[PDB]
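**Q** give me coordinates for this.
(chains A and B)
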Amino acid sequence: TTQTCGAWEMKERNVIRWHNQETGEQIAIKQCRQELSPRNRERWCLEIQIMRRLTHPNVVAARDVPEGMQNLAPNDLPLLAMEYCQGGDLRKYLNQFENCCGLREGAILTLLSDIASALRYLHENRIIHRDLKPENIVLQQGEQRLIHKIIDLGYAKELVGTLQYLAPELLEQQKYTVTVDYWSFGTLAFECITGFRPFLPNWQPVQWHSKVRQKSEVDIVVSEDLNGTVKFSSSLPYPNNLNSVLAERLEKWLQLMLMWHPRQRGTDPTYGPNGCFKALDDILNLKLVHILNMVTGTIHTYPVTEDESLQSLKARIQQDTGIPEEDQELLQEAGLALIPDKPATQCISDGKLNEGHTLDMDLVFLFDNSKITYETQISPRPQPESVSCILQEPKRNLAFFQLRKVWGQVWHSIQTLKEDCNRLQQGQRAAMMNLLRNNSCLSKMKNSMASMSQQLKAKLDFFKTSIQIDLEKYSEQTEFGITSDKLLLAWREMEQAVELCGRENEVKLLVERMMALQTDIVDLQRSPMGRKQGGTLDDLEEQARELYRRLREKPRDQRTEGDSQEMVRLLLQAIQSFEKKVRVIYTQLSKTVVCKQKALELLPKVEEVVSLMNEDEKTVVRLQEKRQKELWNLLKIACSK
Amino acid sequence: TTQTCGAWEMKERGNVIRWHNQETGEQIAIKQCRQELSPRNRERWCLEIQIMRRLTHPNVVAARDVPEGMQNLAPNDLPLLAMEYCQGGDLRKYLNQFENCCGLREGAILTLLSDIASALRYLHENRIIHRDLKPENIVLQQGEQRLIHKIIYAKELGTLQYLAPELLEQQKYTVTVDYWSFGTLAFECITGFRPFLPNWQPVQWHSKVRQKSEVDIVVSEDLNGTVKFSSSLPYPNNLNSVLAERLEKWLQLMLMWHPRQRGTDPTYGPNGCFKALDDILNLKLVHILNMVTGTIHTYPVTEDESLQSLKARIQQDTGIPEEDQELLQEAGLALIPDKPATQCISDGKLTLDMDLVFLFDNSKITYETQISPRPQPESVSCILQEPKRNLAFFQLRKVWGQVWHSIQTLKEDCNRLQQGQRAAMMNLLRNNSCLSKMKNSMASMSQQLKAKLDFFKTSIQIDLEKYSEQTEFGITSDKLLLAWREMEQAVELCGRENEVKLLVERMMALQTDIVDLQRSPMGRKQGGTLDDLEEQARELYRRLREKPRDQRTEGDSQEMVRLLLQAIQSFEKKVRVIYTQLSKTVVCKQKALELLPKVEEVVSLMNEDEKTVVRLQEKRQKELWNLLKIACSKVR
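**A** Numbers count the residues shown, from 1 in each chain, chains lettered A, B, ... in the order given. Structure data below:
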C-alpha cells in the first residue's frame, strides 16, 4: 500500500522521508498534528519561519516545499522539507561493538570541531536548542570527512518530550541561560570518551538531582562501583583512547563545562564568561607530538607551537625521559631521520586530522646511543578499579549490565596491548631499516677502498720494477758517459720511500671486519617482522570480541548473571604472550643497535685509511714524474756539448 | 609360605619364575616342575633339561648353572634348571605397538631374519627341532650394538598360524614344520596381519590351505566376506621394490603344502632356504630417487659392478643419459668416479631414507608441479568411495591403520623430496662461493690493469711533452719516433672495463638469485601441519581402540577420510613449491656454469694485456736510456 504525489515516492519513518526516483532528492518532511493549541500553533508557525533563517553547514538545513505538496495536507499549515543523511544517528555508532569504550581520537576531535562551530552560530542568532542527544546528531558522509549535523530541533523563546539527557535546570524549571546546552554537551562528550554516561548510569533523575547538588564542581564522574558505594572522581576515567595532554586539557574543559550554577557554567578564567568555544578551539589547535621512548617503551605527548625549535623540545624530552640530546635518536616509520633543525612537526605533514586517527604512524621513536643493550620489561598497562576487582575474584556473579561494562573494558585492554605490541614491532623494524641504509653506504665505501688499495698495489709494483731497471741501466753508462753520485742517491732515497709506504695489511684487516659485520647484518636481516610472527595476540583479540558479541546477542529473557572466568583466562594468556613476544623484540633491537654502533665505529677507520692512501698515490706519481724530469734534464744538459 | 631363601628372592613369573640376587644383581629364570606328571613325561623332562644344558648358541637363550644350595627348595624330587632373563621382552608387544601396526621397519625385519636363520641352522645341525615357534618365544635382548633376537615341546631325531600344517593336522612333521612356522611369522612382521585366514576356525583352515595354490601367499577375506588368495605381497609394506619381490618369491618357496617341496630351493637343493635367505641379505641394494618423476628405484649392485654400467641401466630404466645424470648425496656431494658406490655405507656412522642418492637431469630446465599421488590398496579405496559404511570393529581397525600408514608414507616422501632439494641447493652454494672468490680476483686484476694503464699514459704523455724541446737543437734523429707514437696509440686499445662491469653485474644478479630463496626452505617445514593432521588421525585411531568390549560398536569413518583428503591436498600444495624451488636451483646452477668460462677467458686475456703493458714500458725506458747514453758519449 504505497502512495506517491508525482515523482516523489514515500519512504518510512515525527519526520518522514520522500525520495525522488527521477530527480533523486531525498527530502524529509516533518508533519504537524491536527489538534493544535493556540499558543502552540503560534509557536509552530514561529518555528516554521525561524527554520528558513538558519542555514548553517554543520546542521541540517531547511529545504523548499515541493510544488504541489500543500494540496495533500490534512491541516492548513505547511510542512517543512529537509535533507536526508545516509549516515545515521550517533547512538548507533556509540552502541557498536568496537566503540563500546568510546570513539577513536579522530572521531572525538571531529565531533567537537563540528558541534562547537555550529553551536556558536546557533547562539549567535539568539536561538537555543534546549535539548541535545546523540539521536539528534547524524554522521553525514562528507566530501573528505564525516560531518556531524543536527536534526529534529525543539522549542525556544525568541531573544516536554522524552529523553534522559536532562540538565538540572529542566527539572527545576528556573530561569535558564544558554548554558543548559553546554551541560547537555559535556555529558555527551563523556559517553564519547569513556563509553558510559557520566552521572548515575541508568539511575532515575530523582536521586540524580540530589547527587548533582551534593557533588563539588571539580568532580566530573559520579558513579557506584561493584559494591554500590557512591564515588565522585575529578579525573577522567579509564580506558580512554586519548593521550596525556588531550586527557588533561579535556578534563579541565569538562570541569569547566559541568557546573551547577547557570551563570558560572562555561565561564572560562581566560576568555571571560561563556568562553568555552575559544578554549576548545585552543585545545584543538594544539599541535601534539607523540614520542615513543623505546628504552622504557612509554609514549609521551608534547604540545609544540607553530615554530618551536627542535632543540628546545629535545631538551624538554631530556628533562622528562633523562637521555641527553646528543644520545637521542629520533626515527620515523621506515628508519627516516628527523630534520636536524627544521621542526619535526612534519611528522603529521598530512595535517588533515584523519577521522580514523592513527597515532601509530604520527609518533616518533626515540633510541639511546649510550646504552648497548635494551631491557625487555617496559611495565604493563594500568587497569581501572572494576577490572582489578574482577581480576582478584573472577567468580563474582554480577548483574548483566555490570558484566557488559567490565567485559568491554577487558576487551579494550586486550586490544590496547595488541596495539602497543604493534607499535614496538614497527619501531624495531624502523631501526633495522636505518641500519640497512648505513650498511649499504658502508658496502659502497668498502668497494671503493678495495679498488683504491688494489690500484695502489699495482702502481707500487710497476714503479718498483721501473726504478729497478733504471738503477740497473745506470751502472752501464758510467764508463764513457757522464757519471755522478749526486742523483744516484735520489733513486735510492725513493727506493727506501716506497718501502716506507704500504697499507695492504690494515686494509685486509678492515676488509675481514667489514665482511663479518655485513654477514651478521644479513643474518639478522633474514628474520621476518612485518607479518606479525606468532600472531597469537590477534586470535586472542578475536576470541575476546566474539565473546563480547555473544554476550550482547542473548535476548532479554536470557540475560542471566554469571562468572567471568573465561575472559580473565584470555586476558592472562594475552599478557603472557605479549611479554614473551616483547622479549624477542627487544633481543632483536639490542642485536641491531650493537651492530649499528659497530658500523659507525668502523666508518672513520676506512675514512682515515683512504685519506692517507690518496696522498700515498700522489707521492708515487710525483716520484715517477721527478725521475723522468731528472733524466730529461740530464739529457738536455748533455746535449749542450 | 616360601617367600625367599637366602640371597635369591622370587619376584614374578606361571611356568618360569624370576629370582633376583641381592648381592650379585642377577635375575636367573628357574623353570619349575609341578608334582603330578606322568612317568614317560618325567623321563622326557629330564632329557630336555640335559639337552638344554648342552646348547649354548648366542642367538638363543643360554643355560646357566643352578646356584649351590637350591636342591633343598625343590617341589619335585628332580633338579630344576636355570635360564637367562632378557630385559627386552617378547616380539608380540613390538608387533602390537601403534607404530608397527602395518609391519616392522626394514632394518628390524632384516635383523630378525639374520638372527633367526643363523640360530635355526645350528638347531637343525644338532638334530634338534623346536616344533613350535611364536612371537612370544622370541625376545629382543639389547645387544652390544644392535638388538639380538633370542628364544627363551621337542623331539630329538590363535595358536596354529605359527604352527605348520604338518603338526596341526596331527601328522608326522619333519623340520619343515619350523620352516612354515617361520614363513607365517615373517608375514606378520611385514604386513601386520596373520597370513593364513584371519579370524578363521582351525576346522576349515586345513581345507582352505589345501585349496590355495602354491604361488598364493596371502589368504584373506575383504569387507564383503569373500575369500581371496593373492600371490603378490600385500600393501602397505615397508620394503623397497627388489626386497618386496625377492621376499615374495622366498615366501612362495617357504609356504608350500607338500612336505618335501617346502623349503626346496631350485638352486641350493632341498631344504636350502638358509643359503637362499643369506643370498637375499647379502645383496647390496642401492636406492636412487629420480626427482623428475619423484620415484624411488632400488638396484642390486654386485661386488664389482662398474659405475658406468649401472648408469647405463638407470638410463635404460628412467631414460636420462649417463652424461645428463646428476647423482647427489644429502649434502650436495657428487658420486665421484670411479670409486664403488659405497654411499649406502651401513658400516659408517649411520633406514633406507638416509643412504639414498638423488638423481637430477641436466637436459630439463624446469620441472613439473605434480609428480602424481601414491597408490592405495583395495580396502582403502573401497572405504574412500563410501565413508559412511558401518563395518565391523576388526575390519575398521585394519582399514584405519592402513590409512594412517599411507598418510605417514606420504609424509616420508615429502621429507625425501625436501632433502633432495636442500642437497641440490648446497651443491649450488658451493659453486656460488667459488664464483664469488673468482669475481673478487677478476675485479682486483681489472683494477690493477686500470692503474697500470693510467700510470703508463701519464709517463708517456710527459715524455712526449719533453720530446719537443729536444727536436730543436740538433741531436734529434727521428728514426724512433715511430715507436713512441705507436706506444701511445696502442696502449689506449687495452681496457675492458665495460665487459668487466657486465660480467660483475651478471654475477651479482646470480648471487642475489642464490640468496633470494635460500631462506625459504629449512629444516623446519610447513609439512609439520600435515604431520599434525596425521597425528590427529593416529590419536583418534588409537583412542577408539581403547574402548572396552561393551562399547565396541560399529561406526563410520568420515573424519579419517576428511583428514586424508586434507593431507593429500596440502601434500600436492607443498610439492608444487618444492619443485618450483628445484627448477630455480637447477637454472641458477646452469647459469653459473655458463658464466664461468666467460671470466676464465677474460682473465686469461687480461694477463697477457698486463704483460704487454710492462714490456712496452720497459722498451720505452731502454729506448730513452740508449739514446741519451750514445748521444752524450758521442761528444765527450
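**Q** before we move on, what SS does residue A:458 have?
**A** The three-state label given to residue A:458 by DSSP: H, G, I helix; E, B strand; the rest coil is helix.
**Q** measure residue A:110 to residue A:458 for me?
**A** 69 Å (Cβ to Cβ, to the nearest Å). C-betas here are computed from N, CA, C, even on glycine.
**Q** hmm, I was thinking of residue A:393
**A** The gap separating residue A:393 from residue A:458 is 82 Å, by Cβ to Cβ.
**Q** quick check on the two: which one has the bigger neighbour count.
**A** A direct count of neighbours by other Cβ atoms under 10 Å in any protein chain shown for residue A:393 and residue A:458 places residue A:458 higher, at 22 against 11.
**Q** mind listing what the more buried one touches?
**A** Neighbouring residues of residue A:458 by Cβ atoms under 8 Å, 6 or more residues apart in numbering or on different chains: B:447-449, B:451-452.
**Q** and for residue A:138?
**A** Here residue A:138 is in contact with A:60, A:85, A:87-90, A:148-151 (Cβ under 8 Å, 6+ apart).
**Q** buried only: go through these for me.
**A** Among these, those classed as buried by 16 or more other Cβ atoms under 10 Å in any protein chain shown are A:60, A:85, A:87, A:89-90, A:148-151.
**Q** can you flag which of these belong to strands?
**A** In strands, judged by DSSP state E, the following of the buried ones among the contacts of residue A:138 are found: A:148-150.
**Q** neighbours of the nearest residue to residue A:216 once chain neighbours are set aside, how many?
**A** In space, and not counting its chain neighbours, residue A:216 is closest to residue A:232: 6.9 Å by Cβ to Cβ, 6 or more residues apart in numbering or on different chains. Each residue near residue A:232 was counted by other Cβ under 10 Å, and the total is 14.
**Q** beta partners of residue A:232?
**A** residue A:222 (DSSP bridges).
**Q** the residue of chain A most remote from its centre: what secondary structure?
**A** Taking Cα atoms, centre = their mean, the residue of chain A most remote from its mean C-alpha position is residue A:480, at 91.0 Å. Counting by three-state DSSP, the backbone at residue A:480 sits in coil.
**Q** ok, it - contacts?
**A** B:633, B:636.
**Q** residue A:47 too?
**A** Applying Cβ under 8 Å, 6+ apart, the residues near residue A:47 are A:153, A:155.
**Q** skipping adjacent residues, who's closest to residue A:291 in space?
**A** residue A:300 (5.0 Å).
**Q** packing partners for the strand or helix carrying that neighbour?
**A** Assessed by DSSP states H and E, residue A:300 sits inside strand A:298-304. With contacts defined as 3 or more Cβ pairs under 8 Å, 6 or more residues apart in numbering or on different chains; DSSP states H and E, the packing partners of strand A:298-304 are helix A:244-257, strand A:287-293, helix A:310-320.
**Q** what lines up beside it in the sheet?
**A** Partners of strand A:298-304 in its sheet, by DSSP bridges: strand A:287-293 (antiparallel).
**Q** mind listing what's buried along the partner strand?
**A** Buried residues in strand A:287-293, counting neighbours by 16+ other Cβ under 10 Å, are found at A:288-293.
**Q** ok, stretch A:201-219 next?
**A** Quick answer for stretch A:201-219 (16+ other Cβ under 10 Å): A:208-209, A:212, A:215, A:219.
**Q** ok so, going back, now the contacts of residue A:138 in TSV, with distance to chain B?
**A** Below are the contacts of residue A:138 laid out as TSV (distance: Cβ to the nearest Cβ, whole Å):
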residue	distance to chain B
A:60	56
A:85	49
A:87	44
A:88	44
A:89	47
A:90	46
A:148	49
A:149	52
A:150	55
A:151	54
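**Q** which parts of chain A sit against chain B?
**A** Within chain A, the positions adjacent to chain B are A:450-451, A:454-459, A:462-463, A:465-466, A:469-470, A:473, A:476-477, A:480-482, A:522, A:526, A:621, A:624-625, A:628-629, A:631-632, A:634-636, A:638-639, A:641 by Cβ under 8 Å from any Cβ of the partner chain.
**Q** what about residue A:138, which SS state?
**A** Secondary structure for residue A:138, judged by three-state DSSP, is strand.
**Q** can you tell me what sits against the strand holding residue A:300?
**A** A:243-246, A:286-293, A:313, A:316-317, A:320-321, A:343, A:345, A:363, A:378.
**Q** how big is the angle separating it from helix A:244-257?
**A** Relative orientation of strand A:298-304 versus helix A:244-257 (axes from the mean of the first three to the mean of the last three Cα atoms, to 10 degrees): 60 degrees.
**Q** please name the nearest non-neighbouring residue to residue A:362.
**A** Per Cβ to Cβ, 6+ apart, closest to residue A:362 is residue A:348, 4.9 Å.
**Q** ok, now residue A:239?
**A** residue A:412 (5.1 Å).
**Q** so the one you found sits right up against residue A:100, yeah?
**A** Yes: when contacts are counted by Cβ atoms under 8 Å, residue A:412 is listed as touching residue A:100 (7.2 Å).
**Q** looking at the two, which is more packed in?
**A** Applying other Cβ under 10 Å to residue A:412 and residue A:100 shows that residue A:412 carries more neighbours, namely 23 against 20.
**Q** which SS state does the more buried one fall under?
**A** Look at residue A:412: counting by three-state DSSP, its state is helix.
**Q** what ranges does chain A have for its strands?
**A** Counting by DSSP E, chain A has strands at residues A:8-10, A:15-20, A:26-30, A:62-63, A:81-82, A:137-141, A:146-150, A:221-224, A:230-233, A:287-293, A:298-304, A:328-331, A:363-368.
**Q** ok, residue A:357 touching residue A:110?
**A** No: under the criterion of Cβ under 8 Å, residue A:357 is not in contact with residue A:110, lying 9.2 Å apart.
**Q** quick one: which of these two has more around it?
**A** residue A:110 (23 against 18).
**Q** now do the contacts for the more buried one.
**A** A:145-146, A:148, A:353, A:355.
**Q** among those residues, which two are most distant?
**A** A:148 and A:353 (14.0 Å; Cβ to Cβ).
**Q** quick one: residues contacting residue A:15.
**A** So residue A:15 contacts A:28-31, A:82, A:151-152 (Cβ under 8 Å, 6+ apart).
**Q** residue A:430 now?
**A** Residue A:430 is in contact with A:331-336, A:365, counting by Cβ under 8 Å, 6+ apart.
**Q** select only the buried ones of those in PyMOL?
**A** Those of the contacts of residue A:430 that count as buried under 16+ other Cβ under 10 Å are selected in PyMOL with:
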select buried, chain A and resi 331+332+333+335+365
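**Q** could you chop chain A up by domain?
**A** Segmentation of chain A into domains, based on automatic domain parsing, reads A:8-82, A:90-283, A:288-371, A:400-638.
**Q** end-to-end on the third one?
**A** It refers to domain A:288-371. For domain A:288-371, the first-to-last residue distance is 28 Å (Cα to Cα, to the nearest Å).
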